[PDB]
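Encoded as structure tokens, the structure appears first; notes follow it.
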Amino acid sequence: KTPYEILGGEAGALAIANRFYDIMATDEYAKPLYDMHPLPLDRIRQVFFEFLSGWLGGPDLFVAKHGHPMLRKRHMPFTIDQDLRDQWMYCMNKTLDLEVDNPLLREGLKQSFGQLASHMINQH
Ligand code: HEM
């Protein structure tokens with residue numbers, strides 16, 4: 001069974017994407033990460049969801065509409081240090097605790113996001 005399947009499919013991917021930004025947008029420690037996002041969040045909420053649907057084994061909605069992830073490259077316009085990586089993970093940890101009831105999948109998702117996040121870092 002895929003992460004997409006275990007999390008309830010579309011509604012599960014949507015809820016993660018939305019909870020992530022919901023928390024990012026109000027939590028103090030992540031203001032800096034939040035401030036890199038020009039408002040409103042409508043499009044990035046939708047795009048991140050599209051990404052999650054395929055990264056979890058549902059429809060590649062991202063690769064259908066925007067092409068391959070190339071996430072490291074796609075983040076190269078921004079300055080991303082350790083500090084911002086940790087802010088991003090802090091938000092996604094909090095999200096996955098609330099959204100993923102399977103504790104194995106949850107720890108699996110945290111580690112795999114944790115790695116992707118570290119991969120984006122481009123300032124040391
Ligand atoms: C330190 C880590 C990260 C930082 C600071 C960061 C920051 C950003 C920012 C500022 C954008 C621009 C979106 C906008 O306002 O339109 C963006 C886009 C995006 N981020 Fe991240 N991000 C990070 C890590 C990640 C990770 C780990 C993933 C996926 C697992 C991810 C997926 C995306 C996606 C899919 C987009 C949309 C890209 C596009 O439309 O071409 N990001 N990110």
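Convention: chains lettered A, B, ... in structure tokens order; per-chain residue numbering from 1; ligands numbered from 1 as shown.
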Contacts of stretch 100-112 of chain A within 9 Å, only C-alpha atoms, excl. fewer than 2 positions in-chain, as a JSON list (two decimals) with N, CA, C and O atoms, in the first residue's frame:
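Below you can see part.json, which holds the result:
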```
[["chain", "number", "residue", "atom", "x", "y", "z"],
["A", 3, "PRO", "N", 1.86, 5.40, 0.57],
["A", 3, "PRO", "CA", 1.55, 6.48, 1.49],
["A", 3, "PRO", "C", 0.27, 7.21, 1.09],
["A", 3, "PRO", "O", -0.58, 7.49, 1.94],
["A", 6, "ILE", "N", -2.67, 4.89, 2.19],
["A", 6, "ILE", "CA", -2.75, 4.84, 3.62],
["A", 6, "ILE", "C", -3.34, 6.14, 4.20],
["A", 6, "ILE", "O", -4.18, 6.09, 5.08],
["A", 7, "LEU", "N", -2.92, 7.29, 3.68],
["A", 7, "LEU", "CA", -3.42, 8.61, 4.11],
["A", 7, "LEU", "C", -4.79, 9.03, 3.55],
["A", 7, "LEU", "O", -5.20, 10.15, 3.79],
["A", 12, "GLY", "N", -6.30, 13.39, 1.91],
["A", 12, "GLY", "CA", -5.14, 13.28, 2.78],
["A", 12, "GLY", "C", -4.00, 14.17, 2.34],
["A", 12, "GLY", "O", -3.38, 14.84, 3.15],
["A", 16, "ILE", "N", -2.64, 17.65, 4.33],
["A", 16, "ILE", "CA", -1.24, 17.89, 4.69],
["A", 16, "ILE", "C", -0.67, 19.23, 4.15],
["A", 16, "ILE", "O", 0.02, 20.01, 4.86],
["A", 89, "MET", "N", 11.15, 21.96, 8.33],
["A", 89, "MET", "CA", 10.90, 20.67, 9.01],
["A", 89, "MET", "C", 10.01, 20.75, 10.25],
["A", 89, "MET", "O", 9.12, 19.93, 10.45],
["A", 92, "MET", "N", 6.61, 20.84, 9.03],
["A", 92, "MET", "CA", 6.15, 19.55, 8.45],
["A", 92, "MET", "C", 6.05, 18.40, 9.52],
["A", 92, "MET", "O", 5.13, 17.55, 9.47],
["A", 93, "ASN", "N", 6.98, 18.38, 10.48],
["A", 93, "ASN", "CA", 6.82, 17.54, 11.71],
["A", 93, "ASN", "C", 5.48, 17.75, 12.43],
["A", 93, "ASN", "O", 4.72, 16.81, 12.68],
["A", 95, "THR", "N", 2.80, 19.01, 11.23],
["A", 95, "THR", "CA", 1.76, 18.61, 10.32],
["A", 95, "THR", "C", 1.57, 17.09, 10.32],
["A", 95, "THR", "O", 0.45, 16.59, 10.36],
["A", 96, "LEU", "N", 2.67, 16.36, 10.19],
["A", 96, "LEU", "CA", 2.63, 14.91, 10.11],
["A", 96, "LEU", "C", 2.17, 14.24, 11.42],
["A", 96, "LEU", "O", 1.41, 13.26, 11.36],
["A", 97, "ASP", "N", 2.57, 14.79, 12.56],
["A", 97, "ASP", "CA", 1.96, 14.38, 13.84],
["A", 97, "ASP", "C", 0.43, 14.50, 13.81],
["A", 97, "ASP", "O", -0.28, 13.61, 14.30],
["A", 98, "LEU", "N", -0.09, 15.59, 13.28],
["A", 98, "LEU", "CA", -1.55, 15.71, 13.33],
["A", 98, "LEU", "C", -2.24, 14.93, 12.21],
["A", 98, "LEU", "O", -3.39, 14.56, 12.35],
["A", 114, "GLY", "N", 12.75, 15.10, 5.78],
["A", 114, "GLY", "CA", 13.98, 15.59, 6.42],
["A", 114, "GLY", "C", 15.18, 15.58, 5.46],
["A", 114, "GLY", "O", 16.00, 16.49, 5.46],
["A", 115, "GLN", "N", 15.27, 14.55, 4.65],
["A", 115, "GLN", "CA", 16.35, 14.42, 3.68],
["A", 115, "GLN", "C", 16.18, 15.40, 2.51],
["A", 115, "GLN", "O", 17.11, 16.14, 2.21],
["A", 116, "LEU", "N", 15.03, 15.37, 1.85],
["A", 116, "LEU", "CA", 14.68, 16.37, 0.84],
["A", 116, "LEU", "C", 14.97, 17.81, 1.28],
["A", 116, "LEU", "O", 15.64, 18.54, 0.56],
["A", 117, "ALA", "N", 14.52, 18.18, 2.47],
["A", 117, "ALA", "CA", 14.77, 19.51, 3.03],
["A", 117, "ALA", "C", 16.24, 19.81, 3.12],
["A", 117, "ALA", "O", 16.65, 20.89, 2.74]]
```
Legend entry - Within 12 Å of residue A:35 using only C-alpha atoms, minus same-chain residues under 2 positions, as number ranges by chain: A: 21, 24-33, 37-41, 84, 87
Using N, CA, C and O atoms, can you write the selected residues to a file as a PDB file, in the first residue's frame?
```pdb
ATOM      1  N   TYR A  21       0.915  24.912   5.534  1.00  0.00           N
ATOM      2  CA  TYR A  21       0.915  26.357   5.335  1.00  0.00           C
ATOM      3  C   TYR A  21       0.110  27.055   6.420  1.00  0.00           C
ATOM      4  O   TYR A  21       0.414  28.182   6.806  1.00  0.00           O
ATOM      5  N   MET A  24       2.633  27.283   9.128  1.00  0.00           N
ATOM      6  CA  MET A  24       3.714  28.151   8.729  1.00  0.00           C
ATOM      7  C   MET A  24       3.330  29.612   8.874  1.00  0.00           C
ATOM      8  O   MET A  24       4.175  30.439   9.258  1.00  0.00           O
ATOM      9  N   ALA A  25       2.080  29.917   8.503  1.00  0.00           N
ATOM     10  CA  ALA A  25       1.582  31.287   8.416  1.00  0.00           C
ATOM     11  C   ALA A  25       1.298  31.964   9.778  1.00  0.00           C
ATOM     12  O   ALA A  25       1.018  33.164   9.843  1.00  0.00           O
ATOM     13  N   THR A  26       1.378  31.219  10.857  1.00  0.00           N
ATOM     14  CA  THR A  26       1.064  31.786  12.136  1.00  0.00           C
ATOM     15  C   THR A  26       2.035  31.485  13.225  1.00  0.00           C
ATOM     16  O   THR A  26       1.909  32.001  14.290  1.00  0.00           O
ATOM     17  N   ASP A  27       2.972  30.597  12.984  1.00  0.00           N
ATOM     18  CA  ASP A  27       3.803  30.158  14.065  1.00  0.00           C
ATOM     19  C   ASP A  27       5.017  31.054  14.024  1.00  0.00           C
ATOM     20  O   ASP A  27       5.512  31.380  12.935  1.00  0.00           O
ATOM     21  N   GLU A  28       5.490  31.437  15.209  1.00  0.00           N
ATOM     22  CA  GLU A  28       6.492  32.504  15.331  1.00  0.00           C
ATOM     23  C   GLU A  28       7.797  32.033  14.781  1.00  0.00           C
ATOM     24  O   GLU A  28       8.358  32.640  13.891  1.00  0.00           O
ATOM     25  N   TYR A  29       8.280  30.916  15.271  1.00  0.00           N
ATOM     26  CA  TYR A  29       9.552  30.421  14.785  1.00  0.00           C
ATOM     27  C   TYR A  29       9.689  30.305  13.258  1.00  0.00           C
ATOM     28  O   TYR A  29      10.802  30.190  12.778  1.00  0.00           O
ATOM     29  N   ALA A  30       8.574  30.256  12.506  1.00  0.00           N
ATOM     30  CA  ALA A  30       8.641  30.101  11.045  1.00  0.00           C
ATOM     31  C   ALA A  30       8.323  31.392  10.257  1.00  0.00           C
ATOM     32  O   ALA A  30       8.307  31.371   8.994  1.00  0.00           O
ATOM     33  N   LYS A  31       8.083  32.502  10.953  1.00  0.00           N
ATOM     34  CA  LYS A  31       7.884  33.773  10.249  1.00  0.00           C
ATOM     35  C   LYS A  31       8.911  33.976   9.125  1.00  0.00           C
ATOM     36  O   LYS A  31       8.547  34.342   8.028  1.00  0.00           O
ATOM     37  N   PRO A  32      10.188  33.718   9.384  1.00  0.00           N
ATOM     38  CA  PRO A  32      11.157  33.963   8.320  1.00  0.00           C
ATOM     39  C   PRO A  32      10.885  33.135   7.065  1.00  0.00           C
ATOM     40  O   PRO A  32      10.835  33.669   5.978  1.00  0.00           O
ATOM     41  N   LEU A  33      10.613  31.852   7.235  1.00  0.00           N
ATOM     42  CA  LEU A  33      10.215  31.019   6.118  1.00  0.00           C
ATOM     43  C   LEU A  33       8.928  31.513   5.464  1.00  0.00           C
ATOM     44  O   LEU A  33       8.813  31.541   4.242  1.00  0.00           O
ATOM     45  N   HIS A  37       7.358  33.839   1.218  1.00  0.00           N
ATOM     46  CA  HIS A  37       6.217  33.530   0.364  1.00  0.00           C
ATOM     47  C   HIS A  37       5.383  34.786   0.081  1.00  0.00           C
ATOM     48  O   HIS A  37       4.736  35.290   0.967  1.00  0.00           O
ATOM     49  N   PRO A  38       5.376  35.269  -1.163  1.00  0.00           N
ATOM     50  CA  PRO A  38       4.491  36.384  -1.515  1.00  0.00           C
ATOM     51  C   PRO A  38       3.032  35.949  -1.413  1.00  0.00           C
ATOM     52  O   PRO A  38       2.676  34.848  -1.829  1.00  0.00           O
ATOM     53  N   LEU A  39       2.206  36.789  -0.809  1.00  0.00           N
ATOM     54  CA  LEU A  39       0.853  36.397  -0.523  1.00  0.00           C
ATOM     55  C   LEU A  39       0.003  36.735  -1.721  1.00  0.00           C
ATOM     56  O   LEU A  39       0.437  37.482  -2.594  1.00  0.00           O
ATOM     57  N   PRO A  40      -1.192  36.155  -1.809  1.00  0.00           N
ATOM     58  CA  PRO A  40      -1.721  35.131  -0.940  1.00  0.00           C
ATOM     59  C   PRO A  40      -1.153  33.751  -1.304  1.00  0.00           C
ATOM     60  O   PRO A  40      -0.610  33.574  -2.397  1.00  0.00           O
ATOM     61  N   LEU A  41      -1.342  32.779  -0.404  1.00  0.00           N
ATOM     62  CA  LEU A  41      -0.866  31.417  -0.583  1.00  0.00           C
ATOM     63  C   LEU A  41      -1.654  30.479  -1.491  1.00  0.00           C
ATOM     64  O   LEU A  41      -1.301  29.288  -1.619  1.00  0.00           O
ATOM     65  N   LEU A  84      16.537  27.861   7.849  1.00  0.00           N
ATOM     66  CA  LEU A  84      15.297  27.798   7.107  1.00  0.00           C
ATOM     67  C   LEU A  84      14.865  26.365   6.849  1.00  0.00           C
ATOM     68  O   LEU A  84      13.677  26.082   6.855  1.00  0.00           O
ATOM     69  N   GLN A  87      13.155  25.348  10.172  1.00  0.00           N
ATOM     70  CA  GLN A  87      11.821  25.945  10.148  1.00  0.00           C
ATOM     71  C   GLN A  87      10.816  25.186   9.264  1.00  0.00           C
ATOM     72  O   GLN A  87       9.649  25.040   9.656  1.00  0.00           O
TER      73      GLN A  87
END
```
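In terms of minimum interatomic distance to residue A:44, A:18 ranks closest within A:61, A:18, A:67, A:91, counting only C-alpha atoms.
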Legend entry - Surrounding residues of residue A:65 excluding itself and chain neighbours under 6 positions, 12 Å, only C-alpha atoms, as a PyMOL selection string: chain A and resi 46-47+50-51+54+59
May I have the selected residues written with N, CA and C atoms, as a PDB file, in the first residue's frame?
```pdb
ATOM      1  N   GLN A  46      -1.972  24.897  -3.627  1.00  0.00           N
ATOM      2  CA  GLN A  46      -2.422  24.019  -4.704  1.00  0.00           C
ATOM      3  C   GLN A  46      -1.235  23.293  -5.341  1.00  0.00           C
ATOM      4  N   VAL A  47      -0.187  24.029  -5.667  1.00  0.00           N
ATOM      5  CA  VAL A  47       1.004  23.416  -6.271  1.00  0.00           C
ATOM      6  C   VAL A  47       1.630  22.386  -5.359  1.00  0.00           C
ATOM      7  N   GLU A  50      -0.434  19.255  -5.456  1.00  0.00           N
ATOM      8  CA  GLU A  50      -0.131  18.586  -6.709  1.00  0.00           C
ATOM      9  C   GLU A  50       1.141  17.822  -6.575  1.00  0.00           C
ATOM     10  N   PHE A  51       2.141  18.408  -5.918  1.00  0.00           N
ATOM     11  CA  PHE A  51       3.416  17.683  -5.750  1.00  0.00           C
ATOM     12  C   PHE A  51       3.265  16.476  -4.870  1.00  0.00           C
ATOM     13  N   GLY A  54       1.706  13.036  -6.262  1.00  0.00           N
ATOM     14  CA  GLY A  54       2.613  12.100  -6.890  1.00  0.00           C
ATOM     15  C   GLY A  54       3.745  11.612  -6.019  1.00  0.00           C
ATOM     16  N   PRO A  59      -1.928  10.292  -8.374  1.00  0.00           N
ATOM     17  CA  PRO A  59      -1.628  10.944  -9.640  1.00  0.00           C
ATOM     18  C   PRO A  59      -0.481  11.966  -9.551  1.00  0.00           C
TER      19      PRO A  59
END
```
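When only C-alpha atoms and all ligand atoms are used to measure the gap to ligand 1, the shortest distance among A:48, A:55, A:20, A:90 belongs to A:48.
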Inset, instruction - Please provide the set of residues having any atom within 10 Å of stretch 70-74 of chain A, restricted to only C-alpha atoms, with same-chain residues fewer than 6 positions apart removed, written as a ChimeraX atom specification. - result: /A:116-122
Can you spit out the residues from that selection as a PDB file, in the first residue's frame, using C-alpha atoms?
```pdb
ATOM      1  CA  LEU A 116      14.680  16.370   0.836  1.00  0.00           C
ATOM      2  CA  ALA A 117      14.771  19.508   3.035  1.00  0.00           C
ATOM      3  CA  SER A 118      18.463  19.089   3.727  1.00  0.00           C
ATOM      4  CA  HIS A 119      19.043  18.563  -0.033  1.00  0.00           C
ATOM      5  CA  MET A 120      17.584  22.051  -0.775  1.00  0.00           C
ATOM      6  CA  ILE A 121      20.076  23.780   1.504  1.00  0.00           C
ATOM      7  CA  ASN A 122      22.253  26.036  -0.687  1.00  0.00           C
TER       8      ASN A 122
END
```
Inset, instruction - Would you mind telling me which residue in A:10, A:56, A:36, A:45 lies nearest to ligand 1 when using only C-alpha atoms and all ligand atoms? - result: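 Nearest candidate to ligand 1 out of A:10, A:56, A:36, A:45: A:36.
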Inset, instruction - Have a look at A:11, A:52, A:58, A:94 and name the one nearest to ligand 1; count only C-alpha atoms and all ligand atoms. - result: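 For ligand 1, the nearest of the candidates is A:52.
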Inset, instruction - Pick out each residue of stretch 38-96 of chain A that DSSP on the backbone tags as helix (DSSP H, G or I); I need them as a PyMOL selection string. - result: chain A and resi 42-55+61-66+71-74+82-96
Can you write just those residues out, N, CA, C and O atoms, as a compact mmCIF listing (two decimals), in the first residue's frame?
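And here is the file that came out, part.txt:
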```
# COMPACT_ATOMS: atom_id res chain seq x y z
N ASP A 42 -2.68 30.98 -2.15
CA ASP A 42 -3.61 30.07 -2.86
C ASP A 42 -2.89 29.15 -3.85
O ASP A 42 -3.09 27.91 -3.83
N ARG A 43 -2.01 29.72 -4.67
CA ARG A 43 -1.36 28.93 -5.72
C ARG A 43 -0.36 27.93 -5.15
O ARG A 43 -0.33 26.78 -5.64
N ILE A 44 0.48 28.35 -4.18
CA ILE A 44 1.48 27.43 -3.62
C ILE A 44 0.83 26.31 -2.79
O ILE A 44 1.34 25.19 -2.75
N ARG A 45 -0.29 26.62 -2.11
CA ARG A 45 -1.05 25.57 -1.47
C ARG A 45 -1.42 24.46 -2.49
O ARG A 45 -1.17 23.26 -2.25
N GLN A 46 -1.97 24.90 -3.63
CA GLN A 46 -2.42 24.02 -4.70
C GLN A 46 -1.24 23.29 -5.34
O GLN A 46 -1.24 22.08 -5.50
N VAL A 47 -0.19 24.03 -5.67
CA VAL A 47 1.00 23.42 -6.27
C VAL A 47 1.63 22.39 -5.36
O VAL A 47 1.93 21.29 -5.80
N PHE A 48 1.85 22.73 -4.08
CA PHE A 48 2.44 21.77 -3.14
C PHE A 48 1.58 20.52 -3.05
O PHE A 48 2.11 19.43 -2.99
N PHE A 49 0.26 20.68 -3.03
CA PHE A 49 -0.65 19.52 -3.05
C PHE A 49 -0.41 18.63 -4.27
O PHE A 49 -0.19 17.40 -4.13
N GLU A 50 -0.43 19.25 -5.46
CA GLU A 50 -0.13 18.59 -6.71
C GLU A 50 1.14 17.82 -6.58
O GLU A 50 1.22 16.69 -7.03
N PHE A 51 2.14 18.41 -5.92
CA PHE A 51 3.42 17.68 -5.75
C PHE A 51 3.26 16.48 -4.87
O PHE A 51 3.73 15.38 -5.23
N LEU A 52 2.59 16.68 -3.74
CA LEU A 52 2.35 15.59 -2.76
C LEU A 52 1.55 14.44 -3.36
O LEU A 52 1.85 13.31 -3.09
N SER A 53 0.53 14.71 -4.16
CA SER A 53 -0.19 13.60 -4.76
C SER A 53 0.74 12.59 -5.48
O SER A 53 0.59 11.41 -5.28
N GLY A 54 1.71 13.04 -6.26
CA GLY A 54 2.61 12.10 -6.89
C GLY A 54 3.75 11.61 -6.02
O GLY A 54 4.11 10.45 -6.05
N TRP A 55 4.34 12.49 -5.23
CA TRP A 55 5.41 12.05 -4.33
C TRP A 55 4.97 10.94 -3.36
O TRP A 55 5.80 10.20 -2.84
N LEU A 61 0.30 14.86 -10.32
CA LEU A 61 -0.42 16.02 -10.78
C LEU A 61 0.59 17.12 -11.07
O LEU A 61 0.35 17.97 -11.93
N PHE A 62 1.70 17.10 -10.35
CA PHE A 62 2.79 18.07 -10.51
C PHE A 62 3.48 17.80 -11.82
O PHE A 62 3.43 18.64 -12.71
N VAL A 63 4.10 16.62 -11.95
CA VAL A 63 4.77 16.27 -13.19
C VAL A 63 3.85 16.36 -14.43
O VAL A 63 4.33 16.62 -15.52
N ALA A 64 2.55 16.17 -14.28
CA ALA A 64 1.62 16.41 -15.38
C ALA A 64 1.61 17.88 -15.78
O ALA A 64 1.60 18.21 -16.96
N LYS A 65 1.58 18.76 -14.81
CA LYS A 65 1.29 20.16 -15.08
C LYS A 65 2.52 21.05 -15.11
O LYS A 65 2.50 22.08 -15.77
N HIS A 66 3.59 20.68 -14.39
CA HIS A 66 4.77 21.54 -14.24
C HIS A 66 6.07 20.86 -14.66
O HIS A 66 7.10 21.52 -14.62
N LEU A 71 13.60 19.51 -7.48
CA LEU A 71 13.36 20.42 -6.37
C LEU A 71 14.58 21.24 -6.00
O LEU A 71 14.43 22.44 -5.74
N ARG A 72 15.78 20.65 -5.97
CA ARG A 72 16.95 21.41 -5.54
C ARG A 72 17.12 22.66 -6.39
O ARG A 72 17.31 23.75 -5.86
N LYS A 73 16.98 22.44 -7.70
CA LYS A 73 17.15 23.42 -8.76
C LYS A 73 16.05 24.47 -8.67
O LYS A 73 16.33 25.67 -8.64
N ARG A 74 14.81 24.00 -8.65
CA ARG A 74 13.64 24.86 -8.44
C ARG A 74 13.72 25.81 -7.24
O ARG A 74 13.13 26.85 -7.30
N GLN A 82 20.55 26.30 6.88
CA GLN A 82 20.13 25.34 7.89
C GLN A 82 18.91 25.85 8.67
O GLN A 82 17.93 25.14 8.90
N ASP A 83 19.00 27.09 9.07
CA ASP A 83 17.96 27.71 9.84
C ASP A 83 16.58 27.60 9.15
O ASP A 83 15.57 27.29 9.80
N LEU A 84 16.54 27.86 7.85
CA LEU A 84 15.30 27.80 7.11
C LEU A 84 14.87 26.37 6.85
O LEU A 84 13.68 26.08 6.85
N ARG A 85 15.81 25.47 6.61
CA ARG A 85 15.51 24.06 6.56
C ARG A 85 14.83 23.55 7.85
O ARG A 85 13.86 22.79 7.78
N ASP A 86 15.32 23.99 9.00
CA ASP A 86 14.77 23.53 10.28
C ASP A 86 13.38 24.07 10.52
O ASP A 86 12.54 23.36 11.05
N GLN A 87 13.16 25.35 10.17
CA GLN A 87 11.82 25.95 10.15
C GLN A 87 10.82 25.19 9.26
O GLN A 87 9.65 25.04 9.66
N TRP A 88 11.26 24.77 8.07
CA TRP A 88 10.44 23.98 7.15
C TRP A 88 10.13 22.64 7.78
O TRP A 88 8.97 22.19 7.73
N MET A 89 11.15 21.96 8.33
CA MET A 89 10.90 20.67 9.01
C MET A 89 10.01 20.75 10.25
O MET A 89 9.12 19.93 10.45
N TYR A 90 10.23 21.76 11.07
CA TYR A 90 9.40 22.03 12.23
C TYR A 90 7.91 22.10 11.85
O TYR A 90 7.08 21.46 12.48
N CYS A 91 7.59 22.87 10.81
CA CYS A 91 6.23 22.92 10.29
C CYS A 91 5.77 21.55 9.79
O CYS A 91 4.63 21.17 10.07
N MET A 92 6.61 20.84 9.03
CA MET A 92 6.15 19.55 8.45
C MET A 92 6.05 18.40 9.52
O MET A 92 5.13 17.55 9.47
N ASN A 93 6.98 18.38 10.48
CA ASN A 93 6.82 17.54 11.71
C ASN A 93 5.48 17.75 12.43
O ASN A 93 4.72 16.81 12.68
N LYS A 94 5.18 18.98 12.76
CA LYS A 94 3.91 19.29 13.39
C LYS A 94 2.70 18.84 12.56
O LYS A 94 1.69 18.35 13.13
N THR A 95 2.80 19.01 11.23
CA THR A 95 1.76 18.61 10.32
C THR A 95 1.57 17.09 10.32
O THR A 95 0.45 16.59 10.36
N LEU A 96 2.67 16.36 10.19
CA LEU A 96 2.63 14.91 10.11
C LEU A 96 2.17 14.24 11.42
O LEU A 96 1.41 13.26 11.36
```
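Compared by their closest atoms to ligand 1, and using only C-alpha atoms and all ligand atoms, the residues A:22, A:80, A:14, A:60 rank with A:80 nearest.
Take atom CA of residue A:23 and atom 36 (C, counted along the ligand's line) of ligand 1: the distance between them is 16.6 Å.
Interatomic distance, atom 20 (N, counted along the ligand's line) of ligand 1 against atom CA of residue A:9: 20.4 Å.
For the choices A:78, A:13, A:4, A:34, the atom-to-atom distance to residue A:57 is smallest for A:4 when using only C-alpha atoms.
Put simply, atom 30 (C, counted along the ligand's line) of ligand 1 is 10.5 Å away from atom CA of residue A:17.
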